[PDB]
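> So here's my_file_1.txt (compact mmCIF, C-alpha atoms).
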```
# COMPACT_ATOMS: atom_id res chain seq x y z
CA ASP V 1 -35.87 -53.85 -20.32
CA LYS V 2 -34.33 -55.92 -17.55
CA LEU V 3 -36.09 -58.98 -16.14
CA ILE V 4 -35.46 -59.36 -12.41
CA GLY V 5 -38.37 -61.58 -11.43
CA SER V 6 -42.12 -61.96 -11.63
CA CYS V 7 -44.90 -59.69 -10.41
CA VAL V 8 -47.11 -62.68 -9.72
CA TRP V 9 -47.91 -64.19 -6.33
CA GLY V 10 -46.55 -67.72 -6.22
CA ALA V 11 -43.35 -67.47 -8.25
CA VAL V 12 -40.05 -67.84 -6.35
CA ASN V 13 -39.17 -64.29 -7.42
CA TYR V 14 -42.24 -62.23 -6.60
CA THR V 15 -41.56 -58.51 -6.62
CA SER V 16 -43.23 -56.48 -3.87
CA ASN V 17 -43.43 -53.62 -6.35
CA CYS V 18 -42.00 -54.03 -9.84
CA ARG V 19 -41.43 -50.32 -10.46
CA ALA V 20 -40.15 -49.59 -6.95
CA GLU V 21 -37.71 -52.53 -6.73
CA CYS V 22 -36.22 -51.76 -10.13
CA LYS V 23 -35.90 -48.06 -9.26
CA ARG V 24 -34.05 -49.02 -6.07
CA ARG V 25 -31.62 -51.15 -8.08
CA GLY V 26 -30.65 -48.10 -10.15
CA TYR V 27 -33.23 -48.47 -12.92
CA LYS V 28 -35.38 -45.88 -14.68
CA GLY V 29 -38.47 -47.73 -13.54
CA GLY V 30 -40.31 -50.98 -14.06
CA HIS V 31 -43.44 -52.39 -15.65
CA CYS V 32 -45.41 -55.53 -14.97
CA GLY V 33 -46.61 -57.32 -18.08
CA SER V 34 -45.91 -60.30 -20.31
CA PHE V 35 -48.50 -63.09 -20.07
CA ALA V 36 -51.18 -61.69 -17.74
CA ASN V 37 -48.83 -59.39 -15.75
CA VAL V 38 -46.56 -62.27 -14.75
CA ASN V 39 -43.11 -60.92 -15.67
CA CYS V 40 -41.66 -57.74 -14.19
CA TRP V 41 -39.38 -55.75 -16.48
CA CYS V 42 -37.29 -52.87 -15.20
CA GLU V 43 -37.12 -49.83 -17.46
CA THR V 44 -33.76 -49.84 -19.19
```
What would the structure in this file look like if it were written as C-alpha cells?


Amino acid sequence: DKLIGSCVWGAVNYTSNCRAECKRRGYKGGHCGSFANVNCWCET
C-alpha cells in the first residue's frame, strides 16, 4: 500500500477521491482507512 495523503478534510494533503487519485497515478486502486478514515492508501 502506498500512502499519498489523507482522505480527511483539513489535512494539507486531502484527496478528492482516494481510489480515483491513486488509480490515476498508475495504482491498482486506493482505500481510505487508518485512524477513522484519515489516511489514504493506494492499492499496491

> Hey, what's within 7 Å of stretch 28-35 of chain V if we count only C-alpha atoms and toss same-chain stuff fewer than 6 positions away? As a PyMOL selection string, please?

chain V and resi 7+18-19+22+41-44

> What separation in Å, quoted to one decimal, exists between atom CA of residue V:8 and atom CA of residue V:39?

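Interatomic distance, atom CA of residue V:8 to atom CA of residue V:39: 7.4 Å.
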
> For atom CA of residue V:38 and atom CA of residue V:6, determine how far apart the two atoms are, in Å to one decimal place.

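Separating atom CA of residue V:38 from atom CA of residue V:6 is a distance of 5.4 Å.
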
> Using all atoms of stretch 1-10 of chain V that appear in the file, construct an axis-aligned enclosing box with 4 Å of padding on every side and provide its centre coordinates and edge lengths in Å, rounded to one decimal, as JSON.


```
{"center_x": -41.1, "center_y": -60.8, "center_z": -13.3, "size_x": 21.6, "size_y": 21.9, "size_z": 22.1}
```

> What's the separation between atom CA of residue V:36 and atom CA of residue V:15, in Å to one decimal place?

15.0 Å

> Would you mind putting N, CA and C atoms back on stretch 5-25 of chain V and writing the result as a CSV table (one decimal), keeping the file's coordinate frame?


```csv
chain,number,residue,atom,x,y,z
V,5,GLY,N,-37.5,-60.6,-12.1
V,5,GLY,CA,-38.4,-61.6,-11.4
V,5,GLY,C,-39.8,-61.6,-12.0
V,6,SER,N,-40.7,-61.9,-11.2
V,6,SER,CA,-42.1,-62.0,-11.6
V,6,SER,C,-43.0,-61.2,-10.7
V,7,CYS,N,-43.9,-60.4,-11.2
V,7,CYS,CA,-44.9,-59.7,-10.4
V,7,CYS,C,-46.2,-60.5,-10.2
V,8,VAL,N,-46.0,-61.8,-9.9
V,8,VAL,CA,-47.1,-62.7,-9.7
V,8,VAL,C,-46.9,-63.5,-8.4
V,9,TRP,N,-48.0,-63.5,-7.6
V,9,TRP,CA,-47.9,-64.2,-6.3
V,9,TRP,C,-47.8,-65.7,-6.5
V,10,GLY,N,-46.7,-66.3,-6.1
V,10,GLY,CA,-46.6,-67.7,-6.2
V,10,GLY,C,-45.2,-68.0,-6.7
V,11,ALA,N,-44.7,-67.3,-7.7
V,11,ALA,CA,-43.4,-67.5,-8.2
V,11,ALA,C,-42.3,-67.2,-7.2
V,12,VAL,N,-41.2,-68.0,-7.3
V,12,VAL,CA,-40.0,-67.8,-6.4
V,12,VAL,C,-39.2,-66.6,-6.6
V,13,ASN,N,-39.8,-65.6,-7.1
V,13,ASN,CA,-39.2,-64.3,-7.4
V,13,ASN,C,-40.2,-63.2,-7.5
V,14,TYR,N,-41.2,-63.2,-6.6
V,14,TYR,CA,-42.2,-62.2,-6.6
V,14,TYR,C,-41.7,-60.9,-6.1
V,15,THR,N,-42.0,-59.9,-6.9
V,15,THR,CA,-41.6,-58.5,-6.6
V,15,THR,C,-42.6,-57.8,-5.8
V,16,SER,N,-42.3,-57.2,-4.7
V,16,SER,CA,-43.2,-56.5,-3.9
V,16,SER,C,-43.9,-55.3,-4.7
V,17,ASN,N,-43.0,-54.7,-5.5
V,17,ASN,CA,-43.4,-53.6,-6.4
V,17,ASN,C,-42.4,-53.5,-7.5
V,18,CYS,N,-42.8,-54.0,-8.7
V,18,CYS,CA,-42.0,-54.0,-9.8
V,18,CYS,C,-41.3,-52.7,-10.1
V,19,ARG,N,-42.0,-51.6,-10.2
V,19,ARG,CA,-41.4,-50.3,-10.5
V,19,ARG,C,-40.5,-49.9,-9.3
V,20,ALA,N,-40.9,-50.0,-8.1
V,20,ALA,CA,-40.2,-49.6,-7.0
V,20,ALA,C,-38.8,-50.4,-6.8
V,21,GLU,N,-38.9,-51.7,-6.9
V,21,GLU,CA,-37.7,-52.5,-6.7
V,21,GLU,C,-36.7,-52.2,-7.8
V,22,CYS,N,-37.1,-52.1,-9.0
V,22,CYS,CA,-36.2,-51.8,-10.1
V,22,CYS,C,-35.6,-50.4,-9.9
V,23,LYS,N,-36.4,-49.4,-9.5
V,23,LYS,CA,-35.9,-48.1,-9.3
V,23,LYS,C,-34.8,-48.1,-8.2
V,24,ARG,N,-35.0,-48.9,-7.2
V,24,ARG,CA,-34.0,-49.0,-6.1
V,24,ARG,C,-32.7,-49.5,-6.6
V,25,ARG,N,-32.8,-50.5,-7.5
V,25,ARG,CA,-31.6,-51.2,-8.1
V,25,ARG,C,-31.0,-50.3,-9.2
```
